[PDB]
$ cat final.cif   # mmCIF, C-alpha atoms
data_data
loop_
_atom_site.label_atom_id
_atom_site.label_comp_id
_atom_site.auth_asym_id
_atom_site.auth_seq_id
_atom_site.Cartn_x
_atom_site.Cartn_y
_atom_site.Cartn_z
CA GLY A 1 0.00 0.00 0.00
CA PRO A 2 1.05 3.63 -0.61
CA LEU A 3 0.47 4.39 3.07
CA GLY A 4 1.33 2.72 6.36
CA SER A 5 3.60 3.74 9.23
CA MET A 6 4.16 3.30 12.97
CA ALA A 7 4.52 7.05 13.51
CA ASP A 8 1.70 9.60 13.33
CA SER A 9 3.32 13.04 13.10
CA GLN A 10 6.92 11.89 13.57
CA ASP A 11 7.00 10.35 10.09
CA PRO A 12 10.46 9.23 8.87
CA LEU A 13 10.91 10.00 5.18
CA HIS A 14 7.17 10.31 4.54
CA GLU A 15 7.21 14.10 4.25
CA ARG A 16 10.87 13.81 3.27
CA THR A 17 10.16 12.27 -0.14
CA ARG A 18 6.92 14.15 -0.79
CA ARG A 19 8.53 17.54 -0.11
CA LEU A 20 11.64 16.58 -2.07
CA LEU A 21 9.64 15.39 -5.08
CA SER A 22 7.35 18.42 -5.09
CA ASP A 23 10.41 20.64 -4.66
CA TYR A 24 11.80 19.34 -7.95
CA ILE A 25 8.59 20.10 -9.83
CA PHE A 26 8.77 23.78 -8.90
CA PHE A 27 12.45 23.92 -9.84
CA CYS A 28 11.64 22.42 -13.25
CA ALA A 29 8.78 24.83 -13.93
CA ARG A 30 11.19 27.62 -12.99
CA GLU A 31 10.18 30.49 -15.28
CA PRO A 32 12.34 30.72 -18.43
CA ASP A 33 13.22 34.26 -17.34
CA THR A 34 14.15 33.38 -13.76
CA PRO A 35 16.49 30.72 -12.30
CA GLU A 36 15.22 28.22 -9.73
CA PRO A 37 16.31 28.31 -6.06
CA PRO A 38 18.82 25.92 -4.43
CA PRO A 39 18.02 22.44 -3.05
CA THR A 40 16.55 21.74 0.39
CA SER A 41 18.21 18.43 1.26
CA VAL A 42 21.03 16.16 0.07
CA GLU A 43 18.64 14.24 -2.18
CA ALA A 44 17.47 17.55 -3.64
CA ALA A 45 21.04 18.65 -4.35
CA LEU A 46 22.32 15.39 -5.82
CA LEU A 47 19.11 14.63 -7.72
CA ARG A 48 19.29 18.09 -9.29
CA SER A 49 22.84 17.26 -10.35
CA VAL A 50 22.11 13.76 -11.64
CA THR A 51 18.41 13.99 -12.47
CA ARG A 52 19.21 17.10 -14.51
CA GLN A 53 21.26 14.92 -16.86
CA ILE A 54 18.54 12.27 -17.05
CA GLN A 55 16.24 14.82 -18.69
CA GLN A 56 18.62 16.67 -21.01
CA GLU A 57 19.41 13.15 -22.23
CA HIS A 58 15.91 11.65 -22.28
CA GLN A 59 13.71 14.71 -21.80
CA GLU A 60 14.47 15.16 -25.50
CA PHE A 61 11.37 13.03 -26.07
CA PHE A 62 9.51 13.59 -22.80
CA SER A 63 9.16 17.33 -23.42
CA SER A 64 7.62 16.57 -26.81
CA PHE A 65 4.84 14.69 -25.02
CA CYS A 66 4.51 17.26 -22.23
CA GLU A 67 3.03 19.50 -24.93
CA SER A 68 1.49 16.80 -27.13
CA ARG A 69 -1.39 15.00 -25.42
CA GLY A 70 -1.25 17.09 -22.26
CA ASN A 71 -1.32 13.87 -20.26
CA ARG A 72 1.87 14.97 -18.52
CA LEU A 73 0.44 12.95 -15.63
CA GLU A 74 -0.66 9.88 -17.59
CA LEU A 75 2.96 9.66 -18.75
CA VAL A 76 4.41 10.19 -15.27
CA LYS A 77 2.52 7.20 -13.88
CA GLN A 78 3.01 5.06 -16.99
CA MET A 79 6.78 5.48 -16.84
CA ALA A 80 7.00 4.72 -13.12
CA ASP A 81 5.20 1.51 -14.06
CA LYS A 82 7.77 0.54 -16.69
CA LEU A 83 10.90 1.39 -14.69
CA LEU A 84 9.63 1.25 -11.11
CA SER A 85 7.35 -1.47 -9.74
CA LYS A 86 6.14 -3.25 -6.60
CA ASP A 87 7.40 -6.80 -7.17
CA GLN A 88 10.44 -5.51 -9.05
CA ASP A 89 13.78 -4.79 -7.38
CA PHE A 90 14.02 -1.21 -8.63
CA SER A 91 17.40 0.54 -8.70
CA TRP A 92 18.79 3.90 -7.58
CA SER A 93 19.04 4.84 -11.25
CA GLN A 94 15.29 4.29 -11.53
CA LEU A 95 14.51 6.47 -8.51
CA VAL A 96 16.37 9.52 -9.79
CA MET A 97 14.90 8.86 -13.23
CA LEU A 98 11.34 9.25 -11.94
CA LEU A 99 12.17 12.62 -10.40
CA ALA A 100 13.75 13.92 -13.61
CA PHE A 101 10.88 12.78 -15.84
CA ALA A 102 8.14 13.95 -13.48
CA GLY A 103 9.53 17.47 -13.60
CA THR A 104 10.11 17.14 -17.34
CA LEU A 105 6.37 16.70 -17.82
CA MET A 106 5.52 19.79 -15.76
CA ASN A 107 3.57 21.80 -18.34
CA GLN A 108 2.74 25.51 -18.28
CA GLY A 109 -0.08 27.70 -19.56
CA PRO A 110 0.40 31.30 -18.39
CA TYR A 111 -0.59 34.47 -20.24
CA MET A 112 1.98 37.27 -20.14
CA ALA A 113 4.92 36.15 -18.00
CA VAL A 114 6.94 38.91 -19.68
CA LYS A 115 6.18 40.95 -16.56
CA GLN A 116 7.86 38.85 -13.87
CA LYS A 117 7.28 40.77 -10.64
CA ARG A 118 8.47 37.96 -8.36
CA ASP A 119 9.52 34.31 -8.50
CA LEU A 120 5.94 33.12 -7.98
CA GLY A 121 5.14 34.05 -11.57
CA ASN A 122 3.46 30.89 -12.85
CA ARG A 123 0.04 29.40 -13.56
CA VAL A 124 -1.72 27.09 -11.10
CA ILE A 125 -1.17 24.23 -13.54
CA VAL A 126 2.12 23.65 -11.72
CA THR A 127 0.57 23.34 -8.26
CA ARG A 128 -2.32 21.25 -9.56
CA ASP A 129 -0.18 18.95 -11.70
CA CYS A 130 2.49 18.96 -9.00
CA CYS A 131 0.09 17.38 -6.52
CA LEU A 132 -1.08 14.67 -8.92
CA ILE A 133 2.20 14.10 -10.76
CA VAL A 134 4.11 13.98 -7.47
CA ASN A 135 1.30 12.08 -5.75
CA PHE A 136 1.87 9.19 -8.16
CA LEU A 137 5.66 9.05 -7.92
CA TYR A 138 5.83 9.96 -4.23
CA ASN A 139 3.55 7.02 -3.43
CA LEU A 140 5.28 4.88 -6.05
CA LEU A 141 8.55 4.98 -4.12
CA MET A 142 6.94 5.73 -0.76
CA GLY A 143 5.27 2.34 -0.92
CA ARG A 144 5.62 -0.62 1.44
CA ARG A 145 8.07 -2.54 -0.75
CA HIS A 146 9.42 0.51 -2.57
CA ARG A 147 10.18 2.58 0.54
CA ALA A 148 11.30 -0.53 2.42
CA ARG A 149 13.93 -1.21 -0.25
CA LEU A 150 14.80 2.43 -0.92
CA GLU A 151 16.03 2.70 2.67
CA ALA A 152 17.18 -0.92 2.84
CA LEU A 153 19.90 0.23 0.44
CA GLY A 154 21.01 3.20 2.52
CA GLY A 155 18.05 5.36 1.56
CA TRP A 156 18.36 8.88 0.18
CA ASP A 157 21.72 8.73 1.96
CA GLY A 158 23.03 5.78 -0.04
CA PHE A 159 22.08 7.56 -3.26
CA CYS A 160 24.08 10.68 -2.43
CA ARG A 161 27.20 8.54 -2.02
CA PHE A 162 26.21 6.31 -4.94
CA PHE A 163 25.94 9.22 -7.38
CA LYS A 164 28.65 11.20 -5.60
CA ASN A 165 26.98 14.40 -4.41
CA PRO A 166 28.51 17.72 -5.53
CA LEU A 167 28.00 19.55 -2.24
CA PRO A 168 30.36 18.80 0.68
CA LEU A 169 27.52 18.29 3.16
CA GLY A 170 25.77 14.94 3.52
#
$ encode --input "final.cif" --output "C-alpha cells"
Amino acid sequence: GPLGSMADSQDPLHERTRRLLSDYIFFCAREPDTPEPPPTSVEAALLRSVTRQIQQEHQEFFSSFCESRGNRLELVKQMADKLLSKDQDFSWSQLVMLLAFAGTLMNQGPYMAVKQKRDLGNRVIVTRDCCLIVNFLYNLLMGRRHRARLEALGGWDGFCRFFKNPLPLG
C-alpha cells in the first residue's frame, strides 16, 4: 500500500520524499526568465545534479509529449510503471529517473509572464499537476516494498554517495 507507518506526526521520510519530489517540480517549472532556487536536502542537491542529466538526455522526447497530449500525468505514472514497480527490485538509477521525468512533464499555460514581478510568476497548472504528478511518484517509491527497499539500500543517503553528491555536506 502507498500508506502505512508506525509514527503519526513523527514520520520518517514520509514528508521527506513528498517535499523533495514536489520541490523538484517547482524547480523544473522555474520560469524561463528566472532561475530556480537551491536544493533543500542532500537528495534535492544530488538529484538536481544527476536527475538534470537524465532529462537533457531523455527529456528530448519527454518534453515533446509534455506538450502533445497534455497527459503529462498519464505519462508520469506510466513510466514509473515501466521502470519502477512493486514486485520488481528497482534501482537507484530508476529512482532519480522518476524525479527527472516527473519534472520534465511539468507543463505551463500562463498568459503574459513577460512581466515577472516575483519568483511566484506561474500558472496554477504547476501546483495542480504537481500534486497529482508527485502524488503518483511519491507514493510509487513511498510504498511498502518501494520505501522498504529504498532505505534498505542506505536510503536517500546511499544515493548521495552512490551518485557522488557535488556539495560537501551529507
$ residues_around --input "final.cif" --residues "residue A:156" --least-positions-apart "6" --cutoff "9 Å" --atoms "all atoms listed in the file" --output "number ranges by chain"
A: 17, 42-43, 150
$ atom_distance --input "final.cif" --atom1 "atom CA of residue A:154" --atom2 "atom CA of residue A:101"
23.1 Å
$ closest_residue --input "final.cif" --among "A:51, A:34, A:41, A:165" --to "residue A:95" --atoms "all atoms listed in the file"
A:51
$ resolve_selection --input "final.cif" --expression "the PyMOL selection byres ((chain A and resi 30) around 12)" --output "JSON, numbers by chain"
{"A": [23, 24, 25, 26, 27, 28, 29, 31, 32, 33, 34, 35, 36, 37, 38, 103, 104, 106, 107, 108, 113, 116, 118, 119, 120, 121, 122, 123, 126]}
$ resolve_selection --input "final.cif" --expression "the PyMOL selection byres ((chain A and resi 16) around 10)" --output "list in words"
residues 11, 12, 13, 14, 15, 17, 18, 19, 20, 21, 41, 43, 138, 142 and 156 of chain A
$ atom_distance --input "final.cif" --atom1 "atom CA of residue A:76" --atom2 "atom CA of residue A:112"
27.6 Å
$ resolve_selection --input "final.cif" --expression "the PyMOL selection byres ((chain A and resi 58) around 12)" --output "ChimeraX atom specification"
/A:51-57,59-65,97-98,100-102,104-105
$ atom_distance --input "final.cif" --atom1 "atom CA of residue A:137" --atom2 "atom CA of residue A:99"
7.8 Å
$ closest_residue --input "final.cif" --among "A:85, A:68, A:127, A:91" --to "residue A:144" --atoms "all atoms listed in the file"
A:85
$ closest_residue --input "final.cif" --among "A:148, A:167, A:131, A:45" --to "residue A:5" --atoms "all atoms listed in the file"
A:148
$ axis_aligned_box --input "final.cif" --around "stretch 118-137 of chain A" --padding-each-side "6 Å" --output "JSON"
{"center_x": 3.6, "center_y": 23.5, "center_z": -9.7, "size_x": 23.8, "size_y": 40.9, "size_z": 19.8}
$ closest_residue --input "final.cif" --among "A:8, A:151, A:157, A:81" --to "residue A:169" --atoms "all atoms listed in the file"
A:157
$ closest_residue --input "final.cif" --among "A:89, A:10, A:125, A:67" --to "residue A:146" --atoms "only C-alpha atoms"
A:89
$ build_atoms --input "final.cif" --residues "stretch 81-103 of chain A" --atoms "N, CA, C and O atoms" --output "PDB file, keeping the file's coordinate frame"
ATOM      1  N   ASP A  81       5.682   2.883 -13.988  1.00  0.00           N
ATOM      2  CA  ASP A  81       5.200   1.510 -14.060  1.00  0.00           C
ATOM      3  C   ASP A  81       6.153   0.641 -14.877  1.00  0.00           C
ATOM      4  O   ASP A  81       6.274  -0.561 -14.638  1.00  0.00           O
ATOM      5  N   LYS A  82       6.829   1.257 -15.839  1.00  0.00           N
ATOM      6  CA  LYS A  82       7.770   0.540 -16.690  1.00  0.00           C
ATOM      7  C   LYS A  82       9.112   0.354 -15.979  1.00  0.00           C
ATOM      8  O   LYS A  82       9.661  -0.747 -15.951  1.00  0.00           O
ATOM      9  N   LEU A  83       9.629   1.435 -15.406  1.00  0.00           N
ATOM     10  CA  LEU A  83      10.900   1.390 -14.690  1.00  0.00           C
ATOM     11  C   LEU A  83      10.706   0.893 -13.264  1.00  0.00           C
ATOM     12  O   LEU A  83      11.274  -0.125 -12.865  1.00  0.00           O
ATOM     13  N   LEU A  84       9.899   1.618 -12.496  1.00  0.00           N
ATOM     14  CA  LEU A  84       9.630   1.250 -11.110  1.00  0.00           C
ATOM     15  C   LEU A  84       8.458   0.273 -11.026  1.00  0.00           C
ATOM     16  O   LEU A  84       7.618   0.215 -11.924  1.00  0.00           O
ATOM     17  N   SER A  85       8.411  -0.490  -9.939  1.00  0.00           N
ATOM     18  CA  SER A  85       7.350  -1.470  -9.740  1.00  0.00           C
ATOM     19  C   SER A  85       7.229  -1.845  -8.264  1.00  0.00           C
ATOM     20  O   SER A  85       7.918  -1.287  -7.410  1.00  0.00           O
ATOM     21  N   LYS A  86       6.349  -2.797  -7.973  1.00  0.00           N
ATOM     22  CA  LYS A  86       6.140  -3.250  -6.600  1.00  0.00           C
ATOM     23  C   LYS A  86       6.869  -4.570  -6.351  1.00  0.00           C
ATOM     24  O   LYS A  86       7.529  -4.738  -5.325  1.00  0.00           O
ATOM     25  N   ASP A  87       6.748  -5.498  -7.293  1.00  0.00           N
ATOM     26  CA  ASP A  87       7.400  -6.800  -7.170  1.00  0.00           C
ATOM     27  C   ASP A  87       8.728  -6.811  -7.920  1.00  0.00           C
ATOM     28  O   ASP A  87       9.326  -7.868  -8.119  1.00  0.00           O
ATOM     29  N   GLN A  88       9.183  -5.631  -8.327  1.00  0.00           N
ATOM     30  CA  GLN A  88      10.440  -5.510  -9.050  1.00  0.00           C
ATOM     31  C   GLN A  88      11.492  -4.800  -8.203  1.00  0.00           C
ATOM     32  O   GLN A  88      11.222  -3.758  -7.606  1.00  0.00           O
ATOM     33  N   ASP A  89      12.690  -5.371  -8.154  1.00  0.00           N
ATOM     34  CA  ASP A  89      13.780  -4.790  -7.380  1.00  0.00           C
ATOM     35  C   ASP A  89      14.344  -3.555  -8.071  1.00  0.00           C
ATOM     36  O   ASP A  89      15.432  -3.594  -8.648  1.00  0.00           O
ATOM     37  N   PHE A  90      13.597  -2.459  -8.008  1.00  0.00           N
ATOM     38  CA  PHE A  90      14.020  -1.210  -8.630  1.00  0.00           C
ATOM     39  C   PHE A  90      15.477  -0.903  -8.299  1.00  0.00           C
ATOM     40  O   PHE A  90      16.105  -1.601  -7.502  1.00  0.00           O
ATOM     41  N   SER A  91      16.011   0.144  -8.919  1.00  0.00           N
ATOM     42  CA  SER A  91      17.400   0.540  -8.700  1.00  0.00           C
ATOM     43  C   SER A  91      17.507   2.050  -8.502  1.00  0.00           C
ATOM     44  O   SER A  91      16.646   2.809  -8.950  1.00  0.00           O
ATOM     45  N   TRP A  92      18.569   2.479  -7.830  1.00  0.00           N
ATOM     46  CA  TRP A  92      18.790   3.900  -7.580  1.00  0.00           C
ATOM     47  C   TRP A  92      18.633   4.711  -8.855  1.00  0.00           C
ATOM     48  O   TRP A  92      18.076   5.809  -8.840  1.00  0.00           O
ATOM     49  N   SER A  93      19.128   4.167  -9.963  1.00  0.00           N
ATOM     50  CA  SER A  93      19.040   4.840 -11.250  1.00  0.00           C
ATOM     51  C   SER A  93      17.590   5.085 -11.646  1.00  0.00           C
ATOM     52  O   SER A  93      17.272   6.066 -12.316  1.00  0.00           O
ATOM     53  N   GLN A  94      16.711   4.181 -11.223  1.00  0.00           N
ATOM     54  CA  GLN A  94      15.290   4.290 -11.530  1.00  0.00           C
ATOM     55  C   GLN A  94      14.634   5.377 -10.681  1.00  0.00           C
ATOM     56  O   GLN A  94      13.761   6.107 -11.154  1.00  0.00           O
ATOM     57  N   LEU A  95      15.056   5.473  -9.426  1.00  0.00           N
ATOM     58  CA  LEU A  95      14.510   6.470  -8.510  1.00  0.00           C
ATOM     59  C   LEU A  95      14.746   7.878  -9.030  1.00  0.00           C
ATOM     60  O   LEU A  95      13.806   8.656  -9.199  1.00  0.00           O
ATOM     61  N   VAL A  96      16.008   8.206  -9.286  1.00  0.00           N
ATOM     62  CA  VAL A  96      16.370   9.520  -9.790  1.00  0.00           C
ATOM     63  C   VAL A  96      15.712   9.795 -11.140  1.00  0.00           C
ATOM     64  O   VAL A  96      15.388  10.937 -11.465  1.00  0.00           O
ATOM     65  N   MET A  97      15.518   8.738 -11.920  1.00  0.00           N
ATOM     66  CA  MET A  97      14.900   8.860 -13.230  1.00  0.00           C
ATOM     67  C   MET A  97      13.470   9.386 -13.112  1.00  0.00           C
ATOM     68  O   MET A  97      13.056  10.270 -13.864  1.00  0.00           O
ATOM     69  N   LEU A  98      12.721   8.836 -12.163  1.00  0.00           N
ATOM     70  CA  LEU A  98      11.340   9.250 -11.940  1.00  0.00           C
ATOM     71  C   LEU A  98      11.258  10.742 -11.642  1.00  0.00           C
ATOM     72  O   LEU A  98      10.413  11.451 -12.191  1.00  0.00           O
ATOM     73  N   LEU A  99      12.142  11.212 -10.770  1.00  0.00           N
ATOM     74  CA  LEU A  99      12.170  12.620 -10.400  1.00  0.00           C
ATOM     75  C   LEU A  99      12.407  13.505 -11.621  1.00  0.00           C
ATOM     76  O   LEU A  99      11.684  14.474 -11.846  1.00  0.00           O
ATOM     77  N   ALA A 100      13.419  13.158 -12.408  1.00  0.00           N
ATOM     78  CA  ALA A 100      13.750  13.920 -13.610  1.00  0.00           C
ATOM     79  C   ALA A 100      12.547  13.997 -14.549  1.00  0.00           C
ATOM     80  O   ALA A 100      12.104  15.087 -14.913  1.00  0.00           O
ATOM     81  N   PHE A 101      12.026  12.837 -14.940  1.00  0.00           N
ATOM     82  CA  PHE A 101      10.880  12.780 -15.840  1.00  0.00           C
ATOM     83  C   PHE A 101       9.719  13.608 -15.294  1.00  0.00           C
ATOM     84  O   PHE A 101       9.267  14.557 -15.933  1.00  0.00           O
ATOM     85  N   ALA A 102       9.242  13.240 -14.110  1.00  0.00           N
ATOM     86  CA  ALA A 102       8.140  13.950 -13.480  1.00  0.00           C
ATOM     87  C   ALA A 102       8.218  15.446 -13.751  1.00  0.00           C
ATOM     88  O   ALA A 102       7.279  16.044 -14.275  1.00  0.00           O
ATOM     89  N   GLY A 103       9.346  16.049 -13.389  1.00  0.00           N
ATOM     90  CA  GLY A 103       9.530  17.470 -13.600  1.00  0.00           C
ATOM     91  C   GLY A 103       9.563  17.839 -15.072  1.00  0.00           C
ATOM     92  O   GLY A 103       9.180  18.946 -15.456  1.00  0.00           O
TER      93      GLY A 103
END
